[PDB]
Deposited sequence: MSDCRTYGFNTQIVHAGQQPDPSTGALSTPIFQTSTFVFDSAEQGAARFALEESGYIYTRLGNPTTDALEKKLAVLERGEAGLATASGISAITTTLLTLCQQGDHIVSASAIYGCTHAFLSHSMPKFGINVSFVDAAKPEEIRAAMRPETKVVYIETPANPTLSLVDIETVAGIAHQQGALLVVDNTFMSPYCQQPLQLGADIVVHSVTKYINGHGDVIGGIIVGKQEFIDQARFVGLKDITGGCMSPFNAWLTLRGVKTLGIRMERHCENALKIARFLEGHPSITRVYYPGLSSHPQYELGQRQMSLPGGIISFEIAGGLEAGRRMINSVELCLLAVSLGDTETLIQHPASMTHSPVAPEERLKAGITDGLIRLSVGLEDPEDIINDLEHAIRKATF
């Protein structure tokens, strides 16, 4: 049989994996090795695994390829390495990239500073307006780069529309699908060419692995592996990290269901609360791109942003008053995580520059975990009441 034919939950559990033919071991063994041995000079020449590949990591790459409906996968040392290995494989001096402005922070630094120092220019646009992408394209544009949903207000990008635009002008579309996971969104099915994830978030899900994955056509992935990893970033994933990610992703379906069920309850609670001015969540019909979300996403996700009354000091008081939610900058973990960018990560940044970046003084971001939603709601209500 072929796991590409089975239901998505079945694929999550089985795809890329099989019992060890040699031993019958059901768990994928951890091939924690650097060295692979040949039986003869002839076998040595023939193969020329190699530890540009590894049997454990191979299982993870094959699984994620099945889940994203792509041909092949490539695991990396971090989400940022998945992004840079991809873009540095595709681009050389003189090339151009059109990127969404609403992207993850260290992606922005790589595109803003690193790429131009290698002769690769980047134009940043508002990707919620596909016409801005079209207008920014140039004869030298190799790649359009988008993230959806995007920080910090969970705005969306119409993947199918953008893919059509990119392709008409001879560029590839790369989509960072980290926030959704393949359980909730499948960019390749909508016309994207390449998907990247930080598996650090939902794919692993257990807050104990830093890692990335790239999924795309075999022809591209081979280049990302034999040139990008081998000759540029060196960002390979360790076999133990691959094994942990394989283990975490086993529960991706049930975890995403619970994250999203919890998040919807919490988003509705926050929307009903008189001390909360705004709530950003694709699952609320008041979301600016609600209907696009319903077509493109199977679930509205586990992340919520919201603005508390009273600006900077209220937001600080609120996060200082939670008892259950944990203060941290990651997302996609089993524990509910909360952060207040204006007092935490962006405190040195000038208020008016924060504002330009969509970060208001009162904005809180919440990564909803697997706890009982009544407990998370009660904790939020407690902290909100105190802060306001």
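K.L.:
From the N-terminus onward, what segments of the deposited sequence lack any C-alpha atom in this model?
P.N.:
No coordinates exist for the deposited residues in 1, 50-57, 398, so these stretches are absent from the model.
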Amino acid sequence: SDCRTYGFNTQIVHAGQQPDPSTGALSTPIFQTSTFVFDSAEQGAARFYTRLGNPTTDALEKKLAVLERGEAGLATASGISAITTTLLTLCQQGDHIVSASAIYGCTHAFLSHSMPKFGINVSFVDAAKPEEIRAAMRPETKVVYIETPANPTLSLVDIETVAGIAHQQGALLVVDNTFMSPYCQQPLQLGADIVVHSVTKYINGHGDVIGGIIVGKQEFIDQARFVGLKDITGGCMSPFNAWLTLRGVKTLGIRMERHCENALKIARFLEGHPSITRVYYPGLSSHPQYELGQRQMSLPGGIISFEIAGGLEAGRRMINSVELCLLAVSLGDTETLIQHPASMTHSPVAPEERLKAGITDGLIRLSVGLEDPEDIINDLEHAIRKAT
From here on, numbers count along this sequence of modelled residues.
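K.L.:
Looking at the entry, does 36-44 or 53-61 show the higher mean C-alpha B-factor?
P.N.:
The recorded data point to 36-44.
K.L.:
Between 202-210 and 138-146, which has the higher average C-alpha B-factor in the PDB entry?
P.N.:
Averaged over C-alpha atoms, the B-factors run higher in 138-146.
K.L.:
What's the residue among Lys265, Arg317, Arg225, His273 with the greatest CA temperature factor in the PDB record?
P.N.:
So the option with the highest C-alpha B-factor is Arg317.
K.L.:
Between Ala342, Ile30, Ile338, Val66, which one tops the list for Cα B-factor in this entry?
P.N.:
Across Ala342, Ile30, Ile338, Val66, the entry lists the biggest C-alpha B-factor for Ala342.
K.L.:
Using only modelled residues of the chain, where does the Cα B factor of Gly24 rank: lowest third, middle third or highest third?
P.N.:
Answer is highest: the recorded C-alpha B-factor places it there.
K.L.:
Which third of the chain does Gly301 land in by C-alpha B-factor: lowest, middle or highest?
P.N.:
Its C-alpha B-factor belongs to the middle third of this chain's values.
K.L.:
Within this chain's modelled residues, let me know which third the CA B factor of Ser367 belongs to: lowest, middle or highest.
P.N.:
It falls in the middle third of the chain.
K.L.:
State the tercile, meaning the lowest, middle or highest third, of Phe269 with respect to the CA B-factors recorded for its chain.
P.N.:
According to the entry, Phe269 has a C-alpha B-factor in the chain's middle third.
K.L.:
Taking the C-alpha B-factors as the PDB entry records them, is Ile232 in the lowest, middle or highest third of its chain?
P.N.:
Middle third of the chain for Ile232's C-alpha B-factor.
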